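These notes concern the structure reproduced below.
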Amino acid sequence: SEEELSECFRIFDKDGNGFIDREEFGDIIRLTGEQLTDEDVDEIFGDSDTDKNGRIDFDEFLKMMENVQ
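Just so you know, the sequence shown maps onto residues 1 to 69 in the deposited numbering.
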């Protein structure tokens with residue numbers, strides 16, 4: 001799964017910063033077909049933001065994709 005999530009990660013990283021941004025995560029939610037509100041998405045983002053840096057790392061991305069349908 002992680003090998004496929006590596007491809008998805010590169011797809012989802014539109015900025016190409018080496019991580020998933022909050023706005024990029026909002027897109028991910030849509031792209032995964034998950035029904036969240038503007039607030040709910042930010043809540044889940046913060047939940048997956050273990051480092052509390054305002055970003056989702058690759059390692060945390062692999063966790064997020066398992067936690068997020």
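No residue lacks a Cβ here, since even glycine has one placed at the ideal position from N, Cα and C.
Annotation: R22 to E3 spans about 23 Å, alpha carbon to alpha carbon. As a beta-bridge residue in DSSP terms, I56 pairs with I20. Its chain contains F19 as the residues whose beta carbon lies nearer than 6 Å to that of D57, once the 5 sequence neighbours on both sides are disregarded; these appear in chain order.
Excluding five sequence positions before and after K14, the CB atoms of its chain that fall closer than 7 Å to its own CB belong to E24, given in chain order.
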